[PDB]
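Numbering (the deposited numbering), first residue to last: 899 to 997.
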């Protein structure tokens, strides 16, 4: 169940969020889905709220929408949606990768 595709994580608790500074190696796959979320507003909301005294402000609509869209993506695929194939979605032709 873990070696076929990418295991869609279902959070055991409430659907919270974090904003992490990820390296290239920490992301398992570049998914095909296109979620048009606005990075500027999410930065202007997260960086403002992440003051420990102002960490408890009511959520912004863009952040709530992004979290809900990610959770719905997790629910909407039984084992993970297809990734942007190096060859079949990025239009490459290396034989070794096909093998």
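Every residue gets a Cβ at the ideal spot worked out from N, C-alpha and C, and that includes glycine.
Cβ separation of residue 907 and residue 927, assumed to be a contact under 8 angstroms, to the nearest whole Å: The residue labelled residue 907 in the question sits at position 9 within the chain shown. The residue labelled residue 927 in the question sits at position 29 within the chain shown. Contact doesn't hold; Cβ gap of about 13 angstroms is too wide.
Whole-angstrom distance between residue 984 and residue 944, CA atom to CA atom: Residue mapping note: residue 944 aligns to position 46 of the chain shown, counting from 1. Residue mapping note: residue 984 aligns to position 86 of the chain shown, counting from 1. Taking the straight line joining both Cα atoms gives about 33 angstroms.
Extent of the continuous alpha helix (DSSP H) run through residue 973: For the purposes of this step, residue 973 is taken as the residue at position 75 of the chain shown. Per DSSP, residue 973 belongs to the alpha helix (DSSP H) from 959-973.
Of the residues 917, 971, 978, the one placed nearest residue 939, counting alpha carbons only: Within the chain shown, residue 939 is the residue found at index 41, counting from 1. Nearest of 917, 971, 978 to residue 939, Cα basis: 917.
Cβ-Cβ separation, residue 982 to residue 988 (assumed contact under 8 angstroms), whole Å: To locate residue 988, count along the chain shown from 1; it is residue 90. To locate residue 982, count along the chain shown from 1; it is residue 84. Residue 988 to residue 982, Cβ: 6 angstroms. Contact.
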